[PDB]
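Listed next as structure tokens is one chain, alone, in the form deposited in one PDB entry.
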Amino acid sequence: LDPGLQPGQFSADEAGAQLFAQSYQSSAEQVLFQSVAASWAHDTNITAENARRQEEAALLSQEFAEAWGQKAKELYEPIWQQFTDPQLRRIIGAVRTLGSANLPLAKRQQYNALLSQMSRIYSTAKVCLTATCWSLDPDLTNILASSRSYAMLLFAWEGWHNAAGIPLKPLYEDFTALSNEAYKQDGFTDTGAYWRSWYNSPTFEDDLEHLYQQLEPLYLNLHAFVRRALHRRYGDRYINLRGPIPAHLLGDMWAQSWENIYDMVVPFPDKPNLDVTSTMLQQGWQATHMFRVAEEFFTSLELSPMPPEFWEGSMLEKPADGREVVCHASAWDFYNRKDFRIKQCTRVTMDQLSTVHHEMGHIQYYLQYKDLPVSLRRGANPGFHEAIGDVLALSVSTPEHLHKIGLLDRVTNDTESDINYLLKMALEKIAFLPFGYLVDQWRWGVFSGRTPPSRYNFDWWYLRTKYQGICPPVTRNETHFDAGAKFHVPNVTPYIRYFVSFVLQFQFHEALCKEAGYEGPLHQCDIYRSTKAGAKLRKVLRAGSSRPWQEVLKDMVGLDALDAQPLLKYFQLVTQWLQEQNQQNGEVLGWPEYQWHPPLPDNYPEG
């Protein structure tokens, strides 16, 4: 570690701790910058040389974390918990937590190598037909979205899960052991306990379960309605009206968003088509247009435009040359107050327009808290960061807003159109909830040891069936590692943030709509051009993590806790309508035939 990045001396009291924290944050910026820069260089250009460079950067970050962490423990370990300043307790409390820097050098290198190899495997995995091979994005993504052939969807689904999952399993087992070893030295029972601690709620898991109980009936009714719609097209052989839905038929590789099957489930087709994708294609929208349109919404609220450095630095399409990249969308803060970038393999699609807003929400957060000390440059909690762009996309997707940006003919304000819209939104928001909840339940079980390598897939599919009411379309066994075929698993990034964000975004939307002076139904609100809504949002963004999330939320929303009521209020009309329809159709809610799996196609797997 460079002499300039090593800690000096400070007194072993609160006053010295304040000076320690100030000096720590000054040095940390340079270390963060080199770390991010090397990660950017690899993720936008996957090579062996770029991977080695990223691994060296990770080692340097560990050296830094070790030096300052040991210093913090030397001076403050027995006293930091009694410090009067709560912001100071949070920062020193973080610095005393070494993580992977707790590992001996050999194991540090092993840990970094594993992360690199898992990332490489996930992003370079392909499905081969003789010589031509399909990638996840765009090839397999397009197939799951637009193919309605049971056999083709199966080939894509099985191909991907096999190609990504199988080689990942041995690496994931080793990562889990090393990660646990690291965090146990910091006093956590396991890595899952550390991840959960970010929410600073002693009742976090029970709070989540209470939230889910209120939401589950909405999912069960959506599920039943959708299952019936699928049965009408795939037939009694491939769809069991009392069983789980085959996992490959919902428009998405992980069945986590069902928006792609909207045309099959739309109750009133004679009304204007709310899926704006075909209109975007006809008009000739490109990635550039999508990002500029997203930017203009942010500026309409008097938030910050994207800086020159963003436009010059970002990767907004999958590169046309012979470059392999990480295609999963991401937003990047370089911690230099100047460089902020998005890397997205943008496709011309309505849901991708929502994803553009999502990523720009992360950037906007970075732009707003860039002048804070580096440790405060995060969301109030991870759920906040994930909610920002989604809140704005709720306004963008309204038929009225779509009309304003030229993507829809003036829509009527009638009950049929409302049901169509809310159903579309339910496919995107309600359908996701069970998946958002289950992923880290699986992962927490793995970190805790409740789920050993011998039950990885057994426990994955237990949760997928329990929550989502889906089943694998082909037989799986413990050689398969289907959890690993989801980006966030091999990329070691937590998932509960997304469940939190999907609830939180409706709380934000309600608060911002009220501030904007809007007086109608919540699902018809559009905050576009509301400088008052803008100012309220900006206060949250400029706060960073300087204050407990409960207090930030109280100031914005009037409540100091996550609450499902705004989501329920938003969806109320379609919730009632789906209940009524399922009752009339004589549906069974749930999947009592839990053991049911669909048969294989006759000519499996050829075609």
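The term rigid core refers to the maximal set of C-alpha atoms that superpose within 1.5 Å between the two forms. Residue positions are given as counts along the sequence shown, with the first one as 1.
The records show that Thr130 is omitted from the coordinate set of at least a third of the other eligible entries of this protein. In this entry, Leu129 and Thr130 are separated by 1 to 3 residues of the deposited sequence that lack coordinates. Averaged over Cα atoms, the B-factor as recorded in the entry is higher for 73 to 81 than for the other of 330 to 338 and 73 to 81. Taking the mean C-alpha B-factor of each stretch as recorded, 453 to 461 and 320 to 328 are not equal, and the higher mean is that of 320 to 328. Reading the B-factor column for the CA atoms of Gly436, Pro490, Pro86, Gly383 in the entry, the top value corresponds to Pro86.
In the PDB entry, the Cα temperature factor peaks, among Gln256, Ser179, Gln282, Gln441, at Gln282. Among the modelled residues of its chain, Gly544 has a C-alpha B-factor that falls in the middle third, as given in the PDB entry. Remark: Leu301 belongs to the middle third of its chain, ranked by C-alpha B-factor as recorded. Compared with the other modelled residues of the chain, the Cα B-factor recorded for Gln368 ranks in the lowest third. When all modelled residues of the chain are sorted by CA temperature factor, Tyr238 is found within the highest third. In the deposited entry, the Cα temperature factor of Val574 sits in the bottom third of values across the chain's modelled residues.
The same protein also has a form deposited in another entry, omitted here; what follows describes it.
Checking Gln87, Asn240, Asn162, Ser417 for C-alpha shifts of 2 Å or more between the shown form and the other one, after the rigid core is superposed, gives a single hit: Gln87. After superposing the rigid core, the C-alpha of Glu14 moves by 2 Å or more between the shown form and the other one. A movement of the C-alpha atom of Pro269 falling short of 2 angstroms is seen between the shown form and the other one when the two forms are aligned on their rigid core.
Core-aligned CA deviation for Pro78 between the shown form and the other one: 2 Å or greater.
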